[PDB]
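Given next are two forms of a protein chain, the same chain in both, each as structure tokens and marked structure 1 or structure 2.
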Structure 1
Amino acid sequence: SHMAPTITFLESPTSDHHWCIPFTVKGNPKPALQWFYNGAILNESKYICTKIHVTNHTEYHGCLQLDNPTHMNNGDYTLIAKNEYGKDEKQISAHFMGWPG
């Protein structure tokens, strides 16, 4: 039946064509997703955005899609699954490349 969203999976980012921060959220109805980057809401754009690649029933599998990230994007990322019955918050650290030096 129904239930608050629950982040059942959030891992370090892996690099494919674009980089991906893999997540998995279970919850019904469909959870609203938001990310927090180092103590602030992350404003997505055409270089950083959320993509749900797999939606079974109440299980959603996706990525925080990143295009050409750099040390400039290292940091703690926080996915927020907000839904009609409540919310959940899980965090993950990300390293894409070290600072010049």
Structure 2
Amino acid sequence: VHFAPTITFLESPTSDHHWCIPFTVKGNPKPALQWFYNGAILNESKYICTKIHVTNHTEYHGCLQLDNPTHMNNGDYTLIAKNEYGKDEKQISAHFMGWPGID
């Protein structure tokens, strides 16, 4: 039934770090976006994916989003925007986390 409130758990804060590789693409029809990482196709997943946040008509503003990436995701990312008419390429250097320290 009904009953007074009990706070049965309250703990210290946990965190999450989200990174976004920003871009803008133009095409008509909307261009198919494919990413590559160090020359190899980057298969999108639950930890890394393209999100289009702001839409105009032909102008698409988004990010390749990475959730809690490590120094292992540091590298060169190439975006290829494809269309029925043609395709464009652009690549960018991304650093997310410095390599772990030595001794």
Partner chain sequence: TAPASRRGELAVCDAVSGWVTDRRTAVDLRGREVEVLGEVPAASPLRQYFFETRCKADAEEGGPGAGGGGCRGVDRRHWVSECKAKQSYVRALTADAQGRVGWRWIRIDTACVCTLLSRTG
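Shifts are known only where both forms have a C-alpha. Here, residue number means position along structure 1's sequence, counting from 1. Rigid core here is just the name for the largest C-alpha set that superposes within 1.5 Å across the two forms.
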query	finding
Structure, 1 versus 2, that is the form deposited without the partner chain	2
Core-aligned C-alpha movement of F9 between the two structures reaching 2 Å	yes
Per-residue Cα shift, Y77, between the two structures [Å; core superposed]	0.1
Mobile segments between the two structures [3+ consecutive residues, each C-alpha shifted 2 angstroms or more, core superposed]	4-17
